[PDB]
Structure formats: structure tokens, C-alpha cells
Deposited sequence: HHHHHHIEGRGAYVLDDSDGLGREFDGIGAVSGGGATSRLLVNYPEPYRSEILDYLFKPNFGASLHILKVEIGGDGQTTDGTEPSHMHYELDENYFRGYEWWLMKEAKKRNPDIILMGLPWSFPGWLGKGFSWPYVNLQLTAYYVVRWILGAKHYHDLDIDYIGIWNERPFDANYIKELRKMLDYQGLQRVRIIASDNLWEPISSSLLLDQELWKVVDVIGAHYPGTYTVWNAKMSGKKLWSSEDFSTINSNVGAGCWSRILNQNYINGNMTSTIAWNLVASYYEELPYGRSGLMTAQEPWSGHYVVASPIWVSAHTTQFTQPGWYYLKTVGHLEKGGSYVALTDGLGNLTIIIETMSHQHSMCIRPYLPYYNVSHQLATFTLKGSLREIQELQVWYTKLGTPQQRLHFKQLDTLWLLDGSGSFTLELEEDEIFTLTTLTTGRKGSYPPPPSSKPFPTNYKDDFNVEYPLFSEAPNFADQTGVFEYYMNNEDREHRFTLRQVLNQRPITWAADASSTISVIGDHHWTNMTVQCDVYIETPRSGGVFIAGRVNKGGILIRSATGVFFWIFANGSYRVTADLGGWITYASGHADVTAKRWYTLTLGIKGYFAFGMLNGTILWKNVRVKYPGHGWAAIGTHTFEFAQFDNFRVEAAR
């Protein structure tokens, strides 16, 4: 009926901010080669204050060379004694975010680790100090090379923590002058981190935040008892239609109301990875076409604004938040300076399901809500009003509300699938840029000679690595192949996902069905070495081991194979070829209907080999194991 908002008996918890994740894995891959001005516009919609999503927090993967959901991300230490703080795109992204919002909060978290840290095992806790050394390197490099202060460091994404590791990490951070960096643990479930903190005083002192994933708006008693800040450090992960926007809206409010969580962080920041990779289009917005410039300011962007434009980390929740009589919820926050923000959500069940967890039915129906401002809020006479309706009307500023009759009270008619933000703040804005170009499929003729002497990013555009890591490579000692693309892992990472046994990078249009792929290849390992080119590759990311298609392999022992699968279990054709290590060969693979052919140096090696049809997927290149190999003069022409 009536809902009292009041600060006379004190405040609720401090609000820590809303954010999103770039990484786990390569979710920002296709954003880097957007042409201007579109790249900058996308970044504004994400990070520019009083504009779009206006995010408070950016969390990024600390790349570990392993597959981490939609690709691999490059590590700062591929090998022992290797350090490089200019690989990948997270450095660039953090700097772009910081340029727009100097007060943005930055977080790092590893999903995978380079294999050498395991000292013979696929386990990062074999040598605690070595693993902590590696992670602290990353934080120091952020500061020294990019002028970035990392605010929070995590442990091992959705994988076991080791209490001694966490203690060693704190000790090493302090030793390296990073006392200001805080620790969040364990980026998995509420247990066992929560009970561990109650039983171990030394662990309790070193953990600043309990970060739990997909908590379904609830926490657990042990986490409440800890007295630590509680964050949903990975949530959302739902297609960014109106359904996803509804999920985001509902959990933004109710994570605090139901679970005492004062930060929620969406996976992922922006969908800039091929949509047919796992969890396609599950970012706050969509930018999956750098070749066209087409992007989509999806509804979750405006859902974010309803909170982010009108709150900041350091504000406090009131004690007076809760559910509405007929469904939906309200939170309220102040800044201790006289401002007040009220965020109301009435998300229907059928239009707000997150993928994790699925909620049993709950009813939402038309209702009236009367709010009465008691305490210091009574004095307020005026409120700006922002309104969104999902299904569609986004972030529309309505007529100001006047509180004149001394009552300190007001009333609203609420329907379903609505958001209202009522705030004293006058700074709100629905940021706008002209529409970007229409969507267009990946170019049906595409080439890359990798001839770039000082590349802005460490890898050629559009190549999305799914196992292994591929990089621009310069070889001064060669003229024709001075600039190539090289696979650089020489051992399997400490994996997070189930990486393939062969390295692979995919590119192009998953819809492609008939296609001709060509590439110069160079095998660096004598006798045992092998490489391939491929087409119709149908799966990647967390499922890269499942990939089928047509794979044309050549080996340094003078053999070739054509397979139906990346794992090489199924043979379409096999035979001998004049192929050795350390020599450049040109491979061609043509696929049309039921039949494929392969060329070696422009000469037919096999033809009219029967393959599964229909079938469709990306073009790809790769190596037999985790081994050095180079590629040059890539080309594909295709039809869908």
C-alpha cells in the first residue's frame, strides 16, 4: 500500500557499483578493428558518464593463453623469462574506459594460466609464490606501462581456491608496494569461501570481498556473518533481447534486496565475438561486425542507465527497500549530500528469465504504489523521472514530480515490465549518436597478408583463436615472408575449459557452406610438426573440442590427412606428400556440396573427396599440437 522511505534509523549497506566483464574469453575480440567513429561511439555507450550504460566497474580477464569461453586471450608471460605488456586488448580497453571515466573501478581475474607455471602439472598451486609472482607482474605492468591502478584482484575463476595461495598473494602484493589493491574471493559459489573466512582469522583479514557467481539474488548465512562486502561478481549471461534486459533489471534491484549484494557485474560487457560461439549475443550491447561498423545499442544498456546514471560507488542504500505488494521491487539510495535515487522495477516472470537460475512462476499485476519520504527525505520537493517499458520505450525522461503539499508523499500507477528512476539528480541523459551502417555478412572475398610493421594490436583482425595463441610476427631474415602470423604456444596451458589438442583460429561467416580457403604455411618442428587449413568449422569456444568440418592437414614427415573433425578421429582421405619442416608451402582447400579438393603449391593433391553435406561453418588455420608454425597470405572466398 504505502511504502516508507526514511534515513532516521540509519542507512543500509554502502553501494559498490555496477559493472561488466570483458573476457572469459575473447568477448571483446571483434571490437578492436571497428573503424572510427563507431569504435569510439560504442565505448561511449559503455563508459561515458551521463550517456549510456555509464558503468562504474570494468572487470577483465588476465589472459592465460587458454580457451576461456569464446576464445583464448594472450598472457603477459607465454614462457618462463617472457614478459610483454602489450598483447591482446584488455590494456587498451581499460585505458579507453579510464579516459571516459577516470573514477572507473578496475578488476582483474585469471581463468587459465600458461602451462609453465604448473612445473610439470596442470595445477597453479604447485608453487604458490610462482603463481602469485605471475599475477602480481600483471598488476605492476598495468601501472608501469598503461598508468592503470588495478583496484581488485581475484583468485581462479570458478575453480578451487587455496587458502595459502590467497595469503601468499596478499604478502606479495604488499611486498611490491600494492597495499591498496584489494582481494575478492573466490569467484565461484558462496561455499567454501564463506565458512573458511569464519574459521580462519588470518584468511578473514586478507579477503576484502566475497564474490559469488549466479547467486539467484540470494546469499547464505555464513556470508552475512562474515561482515564482508558481498558482490555478484558474475551474473546475467543472457541474450540481450528484451528478455535479457528484464533479467538484468530484476537482479540489479533484487541482488541487494534479497541477498545483501552491493555490486553486480554482468558477463559480458559487449558482444564482440561471433554469435555462433557459445552464449552468442550475451553482452550489454552488440558489436559483432567490425567489417561493416554495424552495432546495436541493446536494451540492457538503458536498464543499466536507470541505476548507473543516478548512483555512484560510495552512496548508501537505505534500510527501506523491498518488494511491491503485487510483484516487483524498489531500492533507494542517498549520497549523504541531500540527493535521493529511487529505482522501481516490475519485471514479469515470462519476460525476465536469466539462464542461471531459472525461477519458478511469480505473478506481477497492475498496482498502485504510494511512497512517503520520512526523515531527511521529507524536505525534498522535486524529483526527475525516468521511464522504460520493455517488450518498447527506452530511457525516456517524463515530466518532473512536484512535492508541494508538505506531505512528502507521492503515488504511481505501475504496470508490468516497467522501470522507473526517481531522483533529485538533474544530470540524466539518453546519449545518442546517429545510426551506424546496416548489418552485412562477413566479406565473401577476404585476404590478409599480415604486412604490418608496427601493429596496434598483437594479432591480425577477425582471427578468433580457440586453442593456442596467434600473433603478428616479423622475421627480418626473410624477404618474401618478413611479416607473418605465428602460433606461439609451445605447451598446453593450465586450462580452464577443455582446450583442443590442436591449436586453431577461426574467421569469417559461420553461415558459409561452399568456400575456397588458401594460405601459405610453415612448419617449424622437424619430423613431428604439422599444420592445417579448414572450412565449415561448426563449433568453437568452450566447445572447441566438438568442432567438425573439413580439415586439410600436412605433416613434416611427408604425409597428409583430410579429416571431418578437429580431433582427427574421422578420416575423409589420407596419403603422402612432398612436405618437410622449415619450408614454405601454399595450401588450397576447396569445398562445394558433397565434395572437397586440396592443392599443394597450386597442384592438385586430392580431389572429389566426399564430405558430409549439408554443413556450414568458419574458415580456420592451426597446428597439430602446441607448436610453433607460421602462416602468410591468407585468403578465403565463400558463399552462404
- line: Coverage holes, deposited numbering, ordered by position, sit at 1-10, 402-405
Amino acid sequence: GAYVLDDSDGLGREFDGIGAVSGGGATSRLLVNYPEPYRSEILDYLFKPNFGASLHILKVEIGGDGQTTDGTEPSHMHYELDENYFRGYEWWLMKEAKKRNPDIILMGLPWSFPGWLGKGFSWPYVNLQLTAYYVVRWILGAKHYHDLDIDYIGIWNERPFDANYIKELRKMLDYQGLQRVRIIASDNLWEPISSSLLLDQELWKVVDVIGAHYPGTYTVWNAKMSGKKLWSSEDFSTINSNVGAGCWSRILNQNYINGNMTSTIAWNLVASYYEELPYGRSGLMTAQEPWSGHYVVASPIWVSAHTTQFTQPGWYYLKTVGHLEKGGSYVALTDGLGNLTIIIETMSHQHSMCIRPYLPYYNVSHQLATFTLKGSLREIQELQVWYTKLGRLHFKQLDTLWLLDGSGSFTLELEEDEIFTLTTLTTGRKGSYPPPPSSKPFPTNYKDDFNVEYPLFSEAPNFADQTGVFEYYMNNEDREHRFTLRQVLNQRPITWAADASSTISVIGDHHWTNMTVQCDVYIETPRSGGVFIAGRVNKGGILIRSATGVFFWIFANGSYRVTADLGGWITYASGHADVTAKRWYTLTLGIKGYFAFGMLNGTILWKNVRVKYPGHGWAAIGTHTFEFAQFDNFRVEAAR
From here on, numbers count along this sequence of modelled residues.
statement: Comparing mean C-alpha B factor in the record for 371-379 and 563-571, the higher one is 371-379
Mean C-alpha temperature factor, higher of 492-500 and 455-463: 455-463
- request: Select one of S528, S194, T424, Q487: the residue whose C-alpha shows the highest B-factor in the crystal structure entry.
  value: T424
- prompt: Looking at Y295, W92, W553, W111, which has the highest Cα B-factor in the entry?
  reply: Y295
task: Select lowest, middle or highest to describe the third in which the CA B-factor of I257 falls within its chain in this entry.
output: middle
- request: Would you check the entry's CA temperature factor for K59 and let me know if it's in the chain's lowest, middle or highest third?
  value: lowest
message: Going by the CA temperature factor in the PDB record, which third of the chain does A596 belong to: lowest, middle or highest?
response: highest
- line: Of the three thirds of the chain ranked by Cα temperature factor, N33 occupies the middle
- request: Just say lowest, middle or highest third for the CA B-factor of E168 relative to the other modelled residues in its chain.
  value: lowest
